[PDB]
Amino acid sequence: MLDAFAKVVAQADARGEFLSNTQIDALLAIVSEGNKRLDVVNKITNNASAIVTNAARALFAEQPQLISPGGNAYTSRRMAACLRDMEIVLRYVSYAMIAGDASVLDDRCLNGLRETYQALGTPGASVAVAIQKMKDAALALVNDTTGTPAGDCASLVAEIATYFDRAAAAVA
(Lines of atoms letter the chains of each structure in order from A and count residues from 1; the text may use other names and numbers.)
(Lines give C-alpha, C1' and ligand atoms only; values in the text may rest on other atoms or scores of the structure.)
Protein backbone atom coordinates (compact mmCIF):
# COMPACT_ATOMS: atom_id res chain seq x y z
CA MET A 1 0.00 0.00 0.00
CA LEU A 2 1.04 3.47 -0.98
CA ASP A 3 -0.62 6.79 -0.14
CA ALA A 4 -0.48 9.88 -2.39
CA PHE A 5 2.95 10.93 -0.95
CA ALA A 6 4.79 7.57 -1.14
CA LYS A 7 3.60 7.04 -4.73
CA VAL A 8 5.48 10.13 -5.96
CA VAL A 9 8.53 9.12 -3.95
CA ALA A 10 8.67 5.61 -5.38
CA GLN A 11 8.62 7.06 -8.92
CA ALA A 12 11.42 9.50 -8.14
CA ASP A 13 13.60 6.75 -6.65
CA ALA A 14 13.17 4.65 -9.76
CA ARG A 15 14.53 7.64 -11.77
CA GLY A 16 17.10 8.50 -9.05
CA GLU A 17 15.70 12.01 -8.66
CA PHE A 18 14.91 14.43 -5.89
CA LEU A 19 11.28 15.67 -6.14
CA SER A 20 10.66 18.92 -8.06
CA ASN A 21 9.17 22.13 -6.68
CA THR A 22 6.10 21.35 -8.77
CA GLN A 23 5.78 17.96 -7.07
CA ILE A 24 6.41 19.42 -3.64
CA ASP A 25 3.82 22.18 -4.32
CA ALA A 26 1.26 19.59 -5.52
CA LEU A 27 1.67 17.64 -2.29
CA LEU A 28 1.31 20.85 -0.19
CA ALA A 29 -2.17 21.21 -1.77
CA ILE A 30 -3.27 17.78 -0.40
CA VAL A 31 -2.05 18.85 3.04
CA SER A 32 -4.13 22.11 2.73
CA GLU A 33 -7.32 20.12 2.18
CA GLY A 34 -6.46 17.71 4.98
CA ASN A 35 -9.23 18.87 7.33
CA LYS A 36 -11.96 18.56 4.71
CA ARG A 37 -10.65 15.07 3.93
CA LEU A 38 -10.80 13.97 7.57
CA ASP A 39 -14.43 15.21 7.69
CA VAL A 40 -15.42 13.21 4.58
CA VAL A 41 -13.98 10.02 6.06
CA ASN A 42 -15.47 10.67 9.53
CA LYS A 43 -18.92 11.07 7.90
CA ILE A 44 -18.59 7.62 6.32
CA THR A 45 -17.05 6.10 9.48
CA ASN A 46 -19.95 7.65 11.52
CA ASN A 47 -22.79 6.35 9.33
CA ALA A 48 -21.32 3.05 8.21
CA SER A 49 -24.06 0.63 9.47
CA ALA A 50 -26.81 2.82 8.01
CA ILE A 51 -25.04 3.10 4.69
CA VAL A 52 -24.81 -0.75 4.18
CA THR A 53 -28.27 -1.68 5.67
CA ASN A 54 -30.18 1.03 3.82
CA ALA A 55 -28.28 0.27 0.61
CA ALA A 56 -28.91 -3.52 1.15
CA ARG A 57 -32.64 -3.01 1.73
CA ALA A 58 -32.86 -1.03 -1.48
CA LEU A 59 -31.18 -3.79 -3.42
CA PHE A 60 -33.47 -6.58 -2.14
CA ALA A 61 -36.45 -4.36 -2.96
CA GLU A 62 -35.22 -4.15 -6.54
CA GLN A 63 -33.91 -7.65 -7.02
CA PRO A 64 -36.22 -9.81 -4.79
CA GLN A 65 -34.89 -12.84 -6.65
CA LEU A 66 -31.73 -12.64 -4.47
CA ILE A 67 -33.66 -13.47 -1.31
CA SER A 68 -36.22 -16.01 -2.56
CA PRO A 69 -35.46 -19.73 -1.69
CA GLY A 70 -32.38 -20.71 -3.66
CA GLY A 71 -31.28 -17.10 -4.41
CA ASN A 72 -27.70 -16.09 -3.60
CA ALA A 73 -28.64 -13.97 -0.59
CA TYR A 74 -31.01 -16.64 0.80
CA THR A 75 -30.27 -18.30 4.24
CA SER A 76 -28.86 -16.35 7.18
CA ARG A 77 -25.26 -17.43 6.33
CA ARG A 78 -25.51 -16.04 2.79
CA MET A 79 -27.19 -12.79 3.77
CA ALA A 80 -24.61 -12.22 6.55
CA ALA A 81 -21.85 -12.76 3.94
CA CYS A 82 -23.49 -10.34 1.48
CA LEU A 83 -23.80 -7.55 4.12
CA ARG A 84 -20.19 -8.25 5.16
CA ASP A 85 -18.85 -7.75 1.61
CA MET A 86 -20.82 -4.50 1.41
CA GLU A 87 -19.12 -3.31 4.56
CA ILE A 88 -15.71 -4.48 3.28
CA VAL A 89 -16.05 -2.39 0.10
CA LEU A 90 -17.04 0.61 2.25
CA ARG A 91 -13.96 0.17 4.50
CA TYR A 92 -11.59 -0.02 1.54
CA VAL A 93 -13.11 3.07 -0.08
CA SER A 94 -12.56 4.81 3.34
CA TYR A 95 -8.96 3.66 3.30
CA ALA A 96 -8.47 4.86 -0.30
CA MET A 97 -9.99 8.22 0.64
CA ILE A 98 -7.63 8.79 3.64
CA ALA A 99 -4.54 7.80 1.62
CA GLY A 100 -5.49 9.76 -1.48
CA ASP A 101 -4.64 6.68 -3.56
CA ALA A 102 -6.41 3.73 -5.14
CA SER A 103 -3.58 1.25 -4.24
CA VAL A 104 -5.11 -0.31 -1.03
CA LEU A 105 -8.46 -0.76 -2.85
CA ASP A 106 -7.00 -2.56 -5.82
CA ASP A 107 -4.39 -4.86 -4.17
CA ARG A 108 -6.02 -5.65 -0.77
CA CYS A 109 -9.59 -6.12 -2.09
CA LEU A 110 -10.61 -6.12 -5.78
CA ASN A 111 -7.85 -8.54 -6.83
CA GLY A 112 -9.92 -11.68 -7.62
CA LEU A 113 -13.45 -10.43 -6.78
CA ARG A 114 -14.82 -10.94 -10.34
CA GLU A 115 -13.40 -14.46 -10.32
CA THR A 116 -14.51 -15.30 -6.77
CA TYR A 117 -18.14 -14.24 -7.29
CA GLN A 118 -18.11 -16.15 -10.64
CA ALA A 119 -16.81 -19.43 -9.19
CA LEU A 120 -19.21 -19.01 -6.29
CA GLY A 121 -22.18 -18.23 -8.45
CA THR A 122 -22.63 -14.76 -6.86
CA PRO A 123 -24.22 -12.30 -9.37
CA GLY A 124 -21.56 -9.65 -10.09
CA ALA A 125 -24.07 -7.08 -11.48
CA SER A 126 -26.07 -7.09 -8.25
CA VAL A 127 -22.87 -6.46 -6.26
CA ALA A 128 -22.27 -3.51 -8.57
CA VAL A 129 -25.81 -2.25 -7.80
CA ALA A 130 -25.08 -2.50 -4.05
CA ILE A 131 -21.90 -0.42 -4.48
CA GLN A 132 -23.79 2.18 -6.53
CA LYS A 133 -26.35 2.56 -3.83
CA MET A 134 -23.66 2.90 -1.13
CA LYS A 135 -22.00 5.55 -3.31
CA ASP A 136 -25.22 7.57 -3.56
CA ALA A 137 -25.67 7.38 0.22
CA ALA A 138 -22.10 8.19 1.05
CA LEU A 139 -21.93 11.33 -1.24
CA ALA A 140 -25.15 12.55 0.34
CA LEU A 141 -23.88 12.35 3.88
CA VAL A 142 -20.45 13.81 2.97
CA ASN A 143 -22.33 16.97 1.97
CA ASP A 144 -24.50 17.18 5.16
CA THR A 145 -23.63 20.08 7.52
CA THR A 146 -23.73 19.95 11.34
CA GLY A 147 -20.49 20.07 13.42
CA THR A 148 -18.65 21.03 10.22
CA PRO A 149 -17.64 24.52 8.85
CA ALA A 150 -19.52 25.25 5.62
CA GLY A 151 -17.54 25.33 2.40
CA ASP A 152 -16.89 23.48 -0.84
CA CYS A 153 -15.95 19.82 -0.83
CA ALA A 154 -16.68 19.38 -4.55
CA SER A 155 -13.25 17.88 -5.41
CA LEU A 156 -13.26 15.39 -2.51
CA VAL A 157 -16.76 14.25 -3.54
CA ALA A 158 -15.49 13.71 -7.21
CA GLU A 159 -12.51 11.83 -5.81
CA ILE A 160 -14.59 9.54 -3.53
CA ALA A 161 -17.04 9.03 -6.46
CA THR A 162 -14.02 7.59 -8.38
CA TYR A 163 -13.15 5.11 -5.62
CA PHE A 164 -16.72 3.78 -5.55
CA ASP A 165 -16.74 3.21 -9.32
CA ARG A 166 -13.34 1.43 -9.21
CA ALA A 167 -14.83 -1.00 -6.77
CA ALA A 168 -18.15 -1.28 -8.74
CA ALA A 169 -16.28 -2.18 -11.92
CA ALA A 170 -14.13 -4.92 -10.40
CA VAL A 171 -17.07 -7.31 -9.92
CA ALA A 172 -18.47 -7.00 -13.52
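Start at 1 with the first residue shown and count on from there.
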Taking the deposited Cα B-factors and averaging over 81-89 and over 96-104, the higher mean is found in 96-104
Segment of higher mean CA temperature factor, 7-15 or 160-168 = 160-168
The residue of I131, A61, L120, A138 with the maximal C-alpha B-factor according to the PDB record is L120
Taking the Cα B-factors listed in the entry, which of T53, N47, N143, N35 comes out highest?
-> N143
Would you mind ranking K43 by its C-alpha B-factor against the rest of the chain and naming the third, lowest, middle or highest?
-> middle
Tell me, lowest, middle or highest third: where does the Cα B factor of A26 rank within its chain?
-> middle
Quick tally, chain-level thirds of C-alpha B-factors: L113 sits in the highest
What third of its chain's C-alpha B-factors does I67 belong to: lowest, middle or highest?
-> middle
